[PDB]
$ cat my_file-v6.pdb   # PDB, C-alpha atoms
ATOM      1  CA  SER U   1      -7.600  -7.768  19.544
ATOM      2  CA  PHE U   2      -9.925  -9.281  22.126
ATOM      3  CA  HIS U   3      -8.501  -7.396  25.126
ATOM      4  CA  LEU U   4      -6.651  -4.104  24.825
ATOM      5  CA  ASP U   5      -4.312  -5.155  27.659
ATOM      6  CA  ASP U   6      -3.184  -8.142  25.499
ATOM      7  CA  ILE U   7      -1.964  -6.015  22.580
ATOM      8  CA  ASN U   8       1.579  -6.712  21.368
ATOM      9  CA  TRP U   9       3.727  -3.584  21.767
ATOM     10  CA  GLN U  10       7.097  -3.326  20.074
ATOM     11  CA  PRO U  11       9.612  -1.132  21.931
ATOM     12  CA  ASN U  12      12.371   0.851  20.382
ATOM     13  CA  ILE U  13      15.545   1.479  22.373
ATOM     14  CA  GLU U  14      14.190   4.924  23.324
ATOM     15  CA  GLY U  15      11.453   3.233  25.354
ATOM     16  CA  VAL U  16       8.655   4.170  22.930
ATOM     17  CA  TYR U  17       6.389   1.334  21.891
ATOM     18  CA  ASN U  18       4.557   0.918  18.655
ATOM     19  CA  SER U  19       1.676  -1.282  17.696
ATOM     20  CA  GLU U  20       0.500  -2.337  14.250
ATOM     21  CA  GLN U  21      -2.800  -3.766  15.542
ATOM     22  CA  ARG U  22      -5.632  -2.243  13.541
ATOM     23  CA  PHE U  23      -9.171  -2.171  14.964
ATOM     24  CA  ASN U  24     -11.943   0.329  15.541
ATOM     25  CA  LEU U  25     -11.386   2.472  18.640
ATOM     26  CA  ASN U  26     -15.029   2.716  19.444
ATOM     27  CA  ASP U  27     -15.440  -1.007  19.905
ATOM     28  CA  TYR U  28     -13.263  -0.710  23.002
ATOM     29  CA  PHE U  29     -13.293   2.932  24.087
ATOM     30  CA  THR U  30     -15.798   5.578  24.845
ATOM     31  CA  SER U  31     -14.750   8.888  23.389
ATOM     32  CA  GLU U  32     -15.149  12.132  25.259
ATOM     33  CA  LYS U  33     -15.550  15.560  23.640
ATOM     34  CA  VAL U  34     -13.166  18.400  24.564
ATOM     35  CA  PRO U  35     -13.110  21.886  23.030
ATOM     36  CA  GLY U  36     -11.317  21.855  19.708
ATOM     37  CA  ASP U  37      -8.779  24.613  20.124
ATOM     38  CA  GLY U  38      -4.993  24.262  20.225
ATOM     39  CA  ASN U  39      -5.001  23.361  23.930
ATOM     40  CA  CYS U  40      -6.916  20.094  23.248
ATOM     41  CA  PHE U  41      -3.954  17.780  24.097
ATOM     42  CA  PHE U  42      -3.843  19.416  27.521
ATOM     43  CA  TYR U  43      -7.630  19.475  27.908
ATOM     44  CA  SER U  44      -7.623  15.781  27.115
ATOM     45  CA  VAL U  45      -4.917  14.836  29.611
ATOM     46  CA  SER U  46      -6.592  17.004  32.250
ATOM     47  CA  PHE U  47      -9.935  15.287  31.582
ATOM     48  CA  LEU U  48      -8.393  11.849  32.065
ATOM     49  CA  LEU U  49      -6.489  12.758  35.242
ATOM     50  CA  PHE U  50      -9.085  14.977  36.978
ATOM     51  CA  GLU U  51     -12.460  14.500  35.172
ATOM     52  CA  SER U  52     -12.232  18.224  34.569
ATOM     53  CA  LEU U  53     -10.560  20.536  32.068
ATOM     54  CA  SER U  54      -9.501  23.108  34.621
ATOM     55  CA  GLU U  55      -6.059  21.555  35.320
ATOM     56  CA  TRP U  56      -4.815  21.852  31.735
ATOM     57  CA  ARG U  57      -2.403  24.716  32.434
ATOM     58  CA  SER U  58      -0.911  23.030  35.493
ATOM     59  CA  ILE U  59      -0.170  19.966  33.375
ATOM     60  CA  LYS U  60       1.901  22.252  31.148
ATOM     61  CA  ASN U  61       3.743  23.476  34.240
ATOM     62  CA  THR U  62       4.539  19.885  35.194
ATOM     63  CA  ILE U  63       5.894  19.266  31.693
ATOM     64  CA  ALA U  64       7.942  22.421  31.913
ATOM     65  CA  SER U  65       9.473  21.365  35.242
ATOM     66  CA  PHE U  66      10.480  18.020  33.779
ATOM     67  CA  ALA U  67      12.001  19.719  30.696
ATOM     68  CA  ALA U  68      14.002  22.089  32.930
ATOM     69  CA  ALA U  69      15.387  19.385  35.229
ATOM     70  CA  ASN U  70      15.665  16.447  32.819
ATOM     71  CA  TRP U  71      16.214  17.872  29.351
ATOM     72  CA  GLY U  72      18.378  14.917  28.286
ATOM     73  CA  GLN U  73      15.351  12.603  28.755
ATOM     74  CA  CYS U  74      13.185  14.832  26.501
ATOM     75  CA  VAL U  75      14.319  12.927  23.430
ATOM     76  CA  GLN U  76      11.708  14.150  20.970
ATOM     77  CA  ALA U  77      11.756  17.720  22.275
ATOM     78  CA  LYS U  78      15.544  17.815  21.628
ATOM     79  CA  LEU U  79      14.899  17.149  17.924
ATOM     80  CA  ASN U  80      12.647  20.207  17.635
ATOM     81  CA  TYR U  81      14.294  22.668  20.045
ATOM     82  CA  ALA U  82      17.856  23.827  20.735
ATOM     83  CA  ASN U  83      17.503  23.870  24.526
ATOM     84  CA  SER U  84      14.985  23.412  27.301
ATOM     85  CA  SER U  85      14.536  27.175  27.633
ATOM     86  CA  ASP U  86      13.342  27.532  24.024
ATOM     87  CA  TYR U  87      11.069  24.493  24.434
ATOM     88  CA  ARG U  88       9.440  25.726  27.620
ATOM     89  CA  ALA U  89       8.786  29.220  26.253
ATOM     90  CA  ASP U  90       7.020  27.812  23.187
ATOM     91  CA  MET U  91       5.077  25.020  24.911
ATOM     92  CA  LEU U  92       3.782  27.301  27.656
ATOM     93  CA  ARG U  93       2.067  29.602  25.195
ATOM     94  CA  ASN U  94      -1.676  29.326  24.655
ATOM     95  CA  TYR U  95      -2.719  27.203  21.657
ATOM     96  CA  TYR U  96       0.585  25.369  21.486
ATOM     97  CA  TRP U  97      -0.401  22.064  19.901
ATOM     98  CA  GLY U  98       0.569  19.097  22.056
ATOM     99  CA  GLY U  99       1.637  15.795  20.695
ATOM    100  CA  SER U 100       4.236  13.078  21.012
ATOM    101  CA  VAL U 101       6.866  15.468  22.452
ATOM    102  CA  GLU U 102       4.530  16.206  25.370
ATOM    103  CA  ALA U 103       3.276  12.622  25.641
ATOM    104  CA  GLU U 104       6.849  11.430  26.094
ATOM    105  CA  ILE U 105       7.580  14.093  28.732
ATOM    106  CA  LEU U 106       4.321  13.735  30.651
ATOM    107  CA  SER U 107       4.636   9.951  30.845
ATOM    108  CA  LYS U 108       7.996  10.391  32.544
ATOM    109  CA  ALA U 109       6.993  13.438  34.591
ATOM    110  CA  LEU U 110       3.940  11.789  36.169
ATOM    111  CA  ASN U 111       4.982   8.106  36.022
ATOM    112  CA  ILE U 112       2.025   7.304  33.865
ATOM    113  CA  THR U 113       1.625   5.684  30.494
ATOM    114  CA  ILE U 114       0.198   7.658  27.587
ATOM    115  CA  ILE U 115      -0.951   6.137  24.307
ATOM    116  CA  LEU U 116      -1.510   8.138  21.138
ATOM    117  CA  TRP U 117      -4.000   6.288  18.953
ATOM    118  CA  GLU U 118      -3.819   7.807  15.484
ATOM    119  CA  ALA U 119      -7.184   7.222  13.833
ATOM    120  CA  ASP U 120      -8.695   7.861  10.448
ATOM    121  CA  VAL U 121     -12.052   9.642  10.005
ATOM    122  CA  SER U 122     -13.861   6.347  10.587
ATOM    123  CA  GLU U 123     -11.978   5.867  13.941
ATOM    124  CA  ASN U 124      -9.813   3.003  12.741
ATOM    125  CA  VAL U 125      -6.349   2.892  14.291
ATOM    126  CA  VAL U 126      -3.660   3.874  11.799
ATOM    127  CA  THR U 127      -0.743   4.041  14.243
ATOM    128  CA  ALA U 128      -0.506   3.463  18.003
ATOM    129  CA  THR U 129       2.397   4.778  20.072
ATOM    130  CA  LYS U 130       2.776   4.104  23.771
ATOM    131  CA  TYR U 131       4.945   6.192  26.091
ATOM    132  CA  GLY U 132       5.656   4.354  29.336
ATOM    133  CA  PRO U 133       5.738   0.731  30.446
ATOM    134  CA  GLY U 134       2.141   0.355  31.541
ATOM    135  CA  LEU U 135      -0.952  -1.290  30.123
ATOM    136  CA  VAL U 136      -3.730   0.174  27.944
ATOM    137  CA  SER U 137      -6.260   0.012  30.788
ATOM    138  CA  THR U 138      -4.067   2.185  33.037
ATOM    139  CA  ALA U 139      -2.874   4.553  30.358
ATOM    140  CA  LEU U 140      -4.132   7.920  29.298
ATOM    141  CA  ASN U 141      -5.555   6.894  25.939
ATOM    142  CA  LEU U 142      -5.717   9.761  23.446
ATOM    143  CA  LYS U 143      -7.409   9.697  20.081
ATOM    144  CA  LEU U 144      -5.691  11.703  17.370
ATOM    145  CA  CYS U 145      -8.135  12.242  14.568
ATOM    146  CA  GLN U 146      -8.270  14.918  11.864
ATOM    147  CA  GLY U 147      -5.890  17.160  13.746
ATOM    148  CA  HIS U 148      -7.731  17.070  17.063
ATOM    149  CA  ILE U 149      -7.076  15.150  20.247
ATOM    150  CA  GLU U 150      -9.844  13.674  22.349
ATOM    151  CA  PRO U 151      -9.658  11.578  25.523
ATOM    152  CA  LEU U 152     -10.711   7.904  25.375
ATOM    153  CA  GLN U 153     -11.918   5.737  28.273
ATOM    154  CA  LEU U 154     -12.244   1.963  28.343
ATOM    155  CA  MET U 155     -15.842   0.968  27.765
ATOM    156  CA  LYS U 156     -18.198  -0.339  30.457
TER
END
$ encode --input "my_file-v6.pdb" --output "structure tokens"
Amino acid sequence: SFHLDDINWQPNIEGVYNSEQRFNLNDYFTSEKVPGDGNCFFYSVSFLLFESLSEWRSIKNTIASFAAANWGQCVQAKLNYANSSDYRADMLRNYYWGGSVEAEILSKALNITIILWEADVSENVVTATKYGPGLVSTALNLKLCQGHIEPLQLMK
């Protein structure tokens, strides 16, 4: 649109919002490069919270604590795993690929909003999914492109 914070988000009853808006990410966001291994979701979240990659494992620990105490709120994780114990053992391993399951949990665990912007190779939004009630400008904006996750920041 004209302002990212004026996008129209459509919630489902699970509290996940979707947006059909289609624009080019790089007209509104600066991208940042993180190393392209299987930890990139966690590198990206760490970059946006701390301006450093070094906190990526502790973000996993925060997710794990939420999954242990609040498994019934881990809606997407419950589709993929029989119990919180199985989930935590898998997610905590190196090169576990983060995605919507972790975005949903982290948004609740840290009281932040996380947006997964699925992009094609030319950086056009294909799907946008927002976890949490907040606005684009306050969210952790993640670009999902060609199997890798990179942090985005609002331009200027």
$ atom_distance --input "my_file-v6.pdb" --atom1 "atom CA of residue 38 of chain U" --atom2 "atom CA of residue 14 of chain U"
27.4 Å
$ atom_distance --input "my_file-v6.pdb" --atom1 "atom CA of residue 30 of chain U" --atom2 "atom CA of residue 151 of chain U"
8.6 Å
$ resolve_selection --input "my_file-v6.pdb" --expression "the PyMOL selection byres ((chain U and resi 46-60) around 10)" --output "VMD selection string"
chain U and resid 32 to 35 39 to 45 61 to 66 88 91 to 94 98 102 106 109 to 110 139 to 142 150 to 153
$ atom_distance --input "my_file-v6.pdb" --atom1 "atom CA of residue 37 of chain U" --atom2 "atom CA of residue 101 of chain U"
18.3 Å
$ closest_residue --input "my_file-v6.pdb" --among "U:68, U:75, U:149, U:125" --to "residue 20 of chain U" --atoms "only C-alpha atoms"
U:125
